[PDB]
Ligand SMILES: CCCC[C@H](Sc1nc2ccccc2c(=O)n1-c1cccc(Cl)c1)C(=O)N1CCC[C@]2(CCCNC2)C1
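This document opens with one chain alone, in structure tokens, the form deposited without this ligand.
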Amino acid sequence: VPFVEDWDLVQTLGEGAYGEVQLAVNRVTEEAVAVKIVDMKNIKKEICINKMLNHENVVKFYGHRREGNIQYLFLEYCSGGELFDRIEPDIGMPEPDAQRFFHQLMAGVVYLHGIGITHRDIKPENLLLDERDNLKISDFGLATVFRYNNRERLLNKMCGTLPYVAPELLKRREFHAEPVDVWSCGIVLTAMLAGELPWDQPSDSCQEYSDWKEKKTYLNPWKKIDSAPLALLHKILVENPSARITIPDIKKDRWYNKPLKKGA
């Protein structure tokens, strides 16, 4: 069937000092896919990791092609946009919705950790939604392998986004990969339930963070969060990564298992 490999780029989905993402529509089938265009003027590693991914809560990777200095990455199109835009400033979103999104985020993270991959930059801007509002973890440009041949590799590279980064990244030379992603998921949960980020960064120098360690939950954003989910956040946002709750235990949390959301 001629023309089936032709795609028209009809809309800009993203743009930054790195390249852009365009919505591509198949000339014949009208199928919609996202095309990441990067000028190799890093990408190799991102592609390598994307080739390992196959999960309903992770942006699907269809393949790639390069023409000289430009690399084209064909990725799953999530028409619902970024989770970031479903969060109402200073309000958040309905708890049931947040719980559903959190369940899907955990599913995706469990999957990634299961194959030894850590995302390292989990935040609402990198969590996309499909037409049925299903969450998809996106952008593996900062991702890396932390387990290979059943052997764990401690990380040392400082990366991510400050408001979402775990404290050990700023205090220790080396650290385990998994607790760092768990922490970021905790910050995302806080954002979904309060519509605001708790601190600029998890440092003792940051007043907001010191207040949290001092358990002053009568202050924002904590006072806007119900007791059940707040109890979970108390277990996730723990400074010592070794004492921080693991995903298997997050799955056993009272709030995590509370019936709240009706089916579509």
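Throughout, we count residues from 1 along the sequence that is shown.
Keep in mind that the form solved in complex with this ligand is not shown, yet the notes after this line are about it.
A single residue from the set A177, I87, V165, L189 has any heavy atom within 4.5 angstroms of this ligand in the entry with it bound; that residue is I87.
The stretch among 150-158, 118-126, 167-175, 104-112 whose residues place heavy atoms within 4.5 Å of this ligand in the entry with it bound is 118-126. When contacts are judged by a 4.5 Å heavy atom cut-off, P198 counts as touching this ligand in the entry with it bound. Although the partner is absent here, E56 sits far enough away that none of its heavy atoms falls within 4.5 Å of this ligand in the entry with it bound. For the stretch 94-116, the set of residues having any non-hydrogen atom within 4.5 angstroms of this ligand in the entry with it bound is empty.
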